[PDB]
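Topology and contacts: notes
Spelled out from the first residue to the last, the chains are:
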Amino acid sequence: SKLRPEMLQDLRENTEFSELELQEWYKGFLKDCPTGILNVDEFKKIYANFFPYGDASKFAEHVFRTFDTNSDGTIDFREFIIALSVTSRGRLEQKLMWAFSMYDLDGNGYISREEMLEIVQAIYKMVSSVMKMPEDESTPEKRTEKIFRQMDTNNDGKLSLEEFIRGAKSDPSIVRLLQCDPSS
Ligand SMILES: [Ca+2]
Ligand SMILES: [Ca+2]
Ligand SMILES: [Ca+2]
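Residues numbered from 1 in each chain as written, not as in the entry; some residues may be left out. Chains lettered and ligands numbered in written order. Heavy atoms only, no water. Residues with missing side-chain atoms left out of burial classes, pairs and counts.

- If you check the header, you'll see the entry was determined by X-ray crystallography and the resolution is listed as 2.54 Å.

Now the structure itself:
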């Protein structure tokens, strides 16, 4: 019912959750996923709460690939909570590291254009029914077109991690966030 003391400490180190929150998350996790393992179909049902199932499905699949760090087809409680912790309470630097690890489809250390386009397409499909887009990045190809041509510094047609991180920071939602840096 409850995390072992040895387990608990490993997760306090690798997440930004308190012990109480970890115990509460674990209980609730087993509550909702009795096997102790989340598979892809389950993960799609989670996303389907927030956006329509069919639409959200391909994005969900990519997220799952990334959460599933050992890459076996399921997510244990550890992979879940660590992924949750990073994405929801991580440093900005390490959020983008994780986002990069998602876009780099074949895990070679570079995002190719066709890797980018693919993710961007999935985000657009999930969202299509409910958010209405800017004007110039209001099509996956157009967007992928903006991103590369703002982020590919050395022009090899690939994004390195450092290119990725630097460029993301001129996203408006980051430009906003950064105005809240408590270093004033
Ligand atoms: Ca796994
Ligand atoms: Ca790649
Ligand atoms: Ca490059």
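Next comes the rest of the write-up.
Digging into a nonpolar patch on the surface
- Together, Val-130, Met-131 and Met-133 give the surface a local cluster of nonpolar side chains, amounting to about 270 Å² of exposed area.
- Mapped onto the elements of the fold, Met-131 is located in the loop between α7 (113-127) and α8 (140-151).
- What makes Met-131 partly exposed here is its relative accessible area of 46%. (Patch = residues over 30% accessible without salt bridge, like charges linked within 9 Å, V, L, I, M, F, W, Y side chains within 5 Å. Areas by Shrake-Rupley, 256 points an atom, 1.4 Å probe, with all protein chains shown as cover. Salt bridge = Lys/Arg side-chain N within 4 Å of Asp/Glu carboxyl O. Helix = DSSP H or I, 4+ residues; strand = E, 2+ residues; numbered from the N terminus. Buried < 20%, exposed > 50% of the residue type's maximum accessible area, 1.4 Å probe, protein only.)

A closer look at the coordination of the calcium ion (ligand 1)
- Those protein atoms acting as donors to the calcium ion (ligand 1) are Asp-68 (OD), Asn-70 (OD1), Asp-72 (OD), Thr-74 (O), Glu-79 (OE) and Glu-79 (OE), and they sit at 2.1 to 3.0 Å.
- Coordination at the calcium ion (ligand 1) comes from 6 donor atoms whose angles at the metal span 45 to 175°, giving a geometry best classed as irregular.
- Positions of the donor residues of the calcium ion (ligand 1), expressed as sequence spacing, correspond to D-x1-N-x1-D-x1-T-x4-E.
- Looking at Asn-70, the relative accessible area reads 47%, which means it is partly exposed. (Donors = N, O, S within 2.8 Å, 3.2 Å for Na, K, Ca; no water. Tetrahedral: all angles 85-135°; square planar, octahedral: opposite > 155°, others 65-115°.)

Overview of the coordination of the calcium ion (ligand 3)
- The protein atoms that coordinate the calcium ion (ligand 3) are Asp-152 (OD), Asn-154 (OD1), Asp-156 (OD), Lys-158 (O), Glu-163 (OE) and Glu-163 (OE), at distances of 2.4 to 3.0 Å.
- Of note, the calcium ion (ligand 3) draws all its donor residues from one chain, in the sequence arrangement D-x1-N-x1-D-x1-K-x4-E.
- The buried category is assigned to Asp-152, whose relative accessible area is 10%.

Thoughts on the UniProt feature "binding site: Ca(2+) 1" in the protein
- UniProt records the feature "binding site: Ca(2+) 1" at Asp-68, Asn-70, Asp-72, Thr-74 and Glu-79, using the numbering of this structure.
- Relative to the elements of secondary structure, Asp-68 occurs in the loop between α4 (53-67) and α5 (77-89).
- On the accessibility criterion, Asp-68 (5% relative accessible area) is buried.
- For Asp-68, the contacting residues outside a window of four places in its chain are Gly-73, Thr-74, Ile-75 and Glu-79.
- In this fold, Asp-72 is placed in the loop between α4 and α5. (UniProt positions renumbered as here; feature names shortened; annotations may be inferred. Contact = heavy atoms within 4.5 Å.)

Comments concerning the domain arrangement of the protein
- If you check the domain split of the protein, you get domain 1 (4-91) and domain 2 (92-184).
- Placing a centre on the C-alpha atoms of domain 1 and another on those of domain 2 gives a separation of 23 Å.
- The interface is formed by 15 residues belonging to domain 1 together with 18 residues belonging to domain 2.
- The set of elements that each furnish at least two residues to the side of domain 1 that touches domain 2 consists of α4 and α5.
- Broken down by element, the side of domain 1 that touches domain 2 gets its largest block of residues, 8 residues, from α4.
- Residue composition of the side of domain 1 that touches domain 2, by class: 8 nonpolar, 4 polar and 3 charged. (Domains from an automatic or database assignment. Nonpolar A, V, L, I, M, F, W, Y, C, P; charged D, E, K, R; others polar.)

Looking at the side chain of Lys-44
- Take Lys-44: it is sitting in helix α3 (residues 40-48).
- A residue is classified by how much of its surface remains accessible, and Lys-44, at 12% relative accessible area, is buried.
- Apart from residues no more than four positions distant in its own chain, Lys-44 is found in contact with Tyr-53, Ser-57, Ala-60 and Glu-61.

Focus on the packing of aromatic side chains
- Under the defined criterion, the tally for this structure stands at 10 aromatic pairs.
- Measuring from centroid to centroid gives 5.7 Å for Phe-43 and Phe-64, while their planes differ by 80°, and the two rings are edge-to-face. Separated by 21 residues along the polypeptide, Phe-43 in helix α3 and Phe-64 in helix α4 bring together distant segments of the chain.
- For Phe-43, a relative accessible area of 4% puts it in the buried group.
- The exposure class of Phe-64 is buried, given its relative accessible area of 4%.
- Each ring, one from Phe-43 and one from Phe-67, has its centre 5.5 Å from the other, and the planes form 65°; the classification is edge-to-face. Here the residue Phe-43 occupies a position in helix α3, and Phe-67 occupies one in helix α4, the gap between them amounting to 24 residues. When sorted by exposure, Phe-43 lands in the same class as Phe-67, which is buried.
- The rings of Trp-25, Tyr-26, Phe-29, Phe-77 and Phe-80 are connected pair by pair, giving a single aromatic cluster.
- The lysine or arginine in question, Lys-158, covers the ring of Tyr-110, its NZ or CZ lying 4.6 Å from the ring centre. (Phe/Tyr/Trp six-rings, centres within 6.5 Å; stacked < 30°, edge-to-face > 60°. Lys NZ or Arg CZ within 6 Å of the ring centre and 35° of its normal.)

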